[PDB]
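Only one chain is given next, in structure tokens, and it is the form deposited in one PDB entry.
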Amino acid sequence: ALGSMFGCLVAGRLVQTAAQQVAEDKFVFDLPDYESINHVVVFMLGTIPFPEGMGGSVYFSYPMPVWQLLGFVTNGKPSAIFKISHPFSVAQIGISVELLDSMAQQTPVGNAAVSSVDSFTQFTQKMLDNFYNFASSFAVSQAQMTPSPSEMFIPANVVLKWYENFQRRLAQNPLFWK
């Protein structure tokens, strides 16, 4: 035939290349022992390119099976690493051949260091929620303040300002902190 197009590698195991064809432009790798899957590496073998105007969207499913879009591979960027621990015990990697123009409009959650980029925002939101739920009881206005020229106060709006700064820095680079 033409041969295999993709490799799928669970860190700690061997490369899988014999993907199961589930559609003319969709391919799936079954991954056993989902619990021991920390990282997956998905890549082009270099034998067959994506067709004109096309790239690959990489999805992951895990235990009922639930899917998430990890990211993309293209002729220009033919490999990607994803931390692990719609078009489609045992997990699956799915690759769907799609228009490059369409792939640009999607929002992948995958990342090489963290399972989901949403966890960054999720943690920050819960940290600030924990702070304000605690601090709110003690908040005072200047009119409510009792005379104490020496005591230090922090404006409540630092919550909002820091969150806004975090969002901006995260949008630039999801791993700015690392």
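For clarity, a rigid core is taken as the largest C-alpha set superposing within 1.5 Å between two forms. Just count from 1 along the sequence shown to find any residue number.
Between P63 and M64, determine how many residues of the deposited chain lack coordinates; answer none if the chain runs continuously, otherwise 1 to 3, 4 to 9, or 10 or more.
According to the record, 4 to 9 deposited residues lack coordinates from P63 to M64.
Does the chain run continuously from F88 to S89, or are deposited residues unmodelled in between? Answer none, 1 to 3, 4 to 9, or 10 or more.
The entry has 4 to 9 unmodelled residues between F88 and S89.
Segment of higher mean CA temperature factor, 156-164 or 17-25
Per the PDB entry, the higher value belongs to 17-25.
Out of 102-110 and 75-83, which one has CA B-factors that are higher on average in the deposited record?
Per the deposited B-factors, the answer is 102-110.
Criterion, highest CA B-factor; candidates, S57, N130, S148, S141:
In this record, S148 carries the highest C-alpha B-factor of the candidates.
Relative C-alpha B-factor of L2, binned into the chain's lowest, middle or highest third:
Highest third, going by the recorded CA B-factors of the chain.
Would you mind checking where the Cα B-factor of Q125 ranks among the modelled residues of its chain, as the lowest, middle or highest third?
Middle third by C-alpha B-factor.
Where does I48 sit by CA temperature factor within its chain: lowest, middle or highest third?
Its C-alpha B-factor, which the entry lists for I48, ranks in the lowest third among residues of this chain.
Split into thirds by Cα B-factor across the chain's modelled residues, where does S136 land: lowest, middle or highest?
Bottom third by C-alpha B-factor.
Rank-wise, by C-alpha B-factor, drop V117 into the lowest, middle or highest third of its chain.
For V117, the deposited C-alpha B-factor lands in the highest third.
Beyond the structure shown, there is the form deposited in another entry, which is absent from this document and is the topic of what follows.
Core-superposed C-alpha of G55 shifting 2 Å or more between the shown form and the other one:
After core superposition, the displacement of the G55 C-alpha between the shown form and the other one stays below 2 Å, so no.
Superposed on the rigid core, does the Cα of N157 end up 2 angstroms or more away between the shown form and the other one?
True for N157: a C-alpha shift of 2 Å or more.
Pair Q106/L160, Cα separation in the other entry versus the displayed form, closer or farther by 3 angstroms or more
The answer is farther, because the C-alphas of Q106 and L160 separate from each other in the other entry by 3 Å or more.
Regarding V40 and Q122, go with closer or farther for their CA spacing in the other entry versus this form, the difference being 3 Å or more.
Relative to the displayed form, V40 and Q122 draw closer in the other entry - a change of at least 3 Å between their C-alphas.
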